[PDB]
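Taking it in order: structure first as structure tokens, then the write-up.
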Amino acid sequence: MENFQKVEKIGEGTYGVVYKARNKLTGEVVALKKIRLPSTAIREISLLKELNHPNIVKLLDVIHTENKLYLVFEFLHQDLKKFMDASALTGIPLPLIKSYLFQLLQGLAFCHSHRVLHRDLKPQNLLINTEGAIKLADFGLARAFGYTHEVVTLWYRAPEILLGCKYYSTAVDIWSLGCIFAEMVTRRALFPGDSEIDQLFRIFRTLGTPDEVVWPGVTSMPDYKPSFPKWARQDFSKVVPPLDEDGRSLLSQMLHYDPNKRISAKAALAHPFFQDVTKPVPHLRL
Ligand SMILES: CC(C)c1cnn2c(Nc3ccc(S(=O)(=O)N(C)C)cc3)cc(N[C@H]3CC[C@H](N)CC3)nc12
């Protein structure tokens, strides 16, 4: 730590608080995550150091000291939520939404081919820079270990996790990214639940209550109950206007109940939604 000069708090997570920091030594500006009070987490964390992609925030180093842990990261100036707020009156132009979705999928297709899942994608875990890039952030702090008790959002949790699946797949990240995708198009959260059952029931009211017809094995799931009310599905023509036909088709596949039929990032890269994909510069104001 004596290597670093704090600059400001940029964030706080379940895990640690995040400082903008400068190398007392090199002048290099970095982001410094502190995690408070072991062994396989170390190996885990260190396995991330290797997981480098243009669309994953780069983990520069791991300092382990006096039982405090610190991860030194590349620093980005803004997150997708703040950018999303700054766009609310007009919303993010479609070619920019498409570019972001496209880069995150490439991010995820890398993750996934290497067996790493993010587990917690959400607008504030996504960071942007002035050159049109969006990066998955704080990534694989999932199979790490466990200070504010500030509630985590459920809004992007995949239904298999809510139904108590222990062993869930890479498909949970796609569900999450599709939640974010629809949110970018609409300027409102897709499934803004405020408890687990409420989060479940909001998915049900838009997507239909899942049964064995749409999701083989649904009813044998840990947290499934037959007494779940039976909601009818809606068309996404009503869920994400005015997303075009390609976009609605893509979102649909990213929001399949059955994780195993849910589109993979790889397949998602090949979807005609991305036929005309470009990389627009965003206006940022820092
Ligand atoms: C530790 C890594 C992954 C990193 C790199 N940059 N950065 C930032 N930068 C940042 C700066 C300003 C803003 S900003 O001006 O929009 N704004 C103030 C909102 C938002 C984010 C913020 C940040 N913090 C959150 C902490 C919680 C974690 N789950 C995701 C990362 N982390 C980072």
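Don't overthink the numbers, they just go from 1 along the chain as shown.
Looking at the header, which is where the method is noted, we find X-ray crystallography, 2.2 Å.
Cβ atoms are placed via backbone N, Cα and C, with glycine included.
These features come from Swiss-Prot:
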type: BINDING; residues: 10-18, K33, 74-76, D79, 122-125, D138; note: ATP binding site
type: BINDING; residues: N125, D138; note: Mg(2+) binding site
type: MOD_RES; residues: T14; note: phosphothreonine
type: MOD_RES; residues: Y15; note: phosphotyrosine
type: MOD_RES; residues: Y19; note: phosphotyrosine
type: MOD_RES; residues: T148; note: phosphothreonine
type: SITE; residues: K9; note: site 'CDK7 binding'
type: SITE; residues: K81, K82; note: site 'CDK7 binding'
type: SITE; residues: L154; note: site 'CDK7 binding'
Problem - Candidates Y19, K33, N125 (recorded positions) - the one closest to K81 (site 'CDK7 binding') by CA - result: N125
Practice task
Measure from the Cβ of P123 (ATP binding site) and count the other Cβ atoms within 10 Å, all protein chains considered.
Solution key: 20
Completion exercise
argmin Cα dist to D138 (ATP binding site) over the recorded positions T14, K82, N125 returns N125
Exercise for the section: Report the recorded positions (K33, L76, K81, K82, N125) that meet this criterion: Cβ distance to the nearest atom of ligand 1 under 6 Å. Use sequence order and write none if nothing qualifies. Expected result: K33, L76, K82, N125
Fill in the blank from the handout: Mapped onto three states, the DSSP assignment of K9 (site 'CDK7 binding') reads strand
Practice task
Give the residue from the recorded positions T14, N125, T148 that has the most other Cβ atoms within 10 Å of its Cβ, counting over every protein chain displayed.
Solution key: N125
Handout entry: Other CB atoms, at most 10 A from the CB of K82 (site 'CDK7 binding')
Key = 14
Practice task
Could you check the recorded sites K9, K81 and say which one's CB has the fewest neighbouring CB atoms inside 10 Å?
Solution key: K9
Practice task
Spatially speaking, which of the recorded positions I10, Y19, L76, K82 is closest to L154 (site 'CDK7 binding')? Use C-alpha to C-alpha, please.
Solution key: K82
Handout entry: Candidate binding-site residues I10, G13, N125, pick with smallest Cα gap to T148 (phosphothreonine)
Key = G13
Exercise for the section: Between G146 and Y147 this deposited model leaves 5 residues unbuilt; compute the CA-CA distance across that break and give it in Å as an integer. Expected result: 11
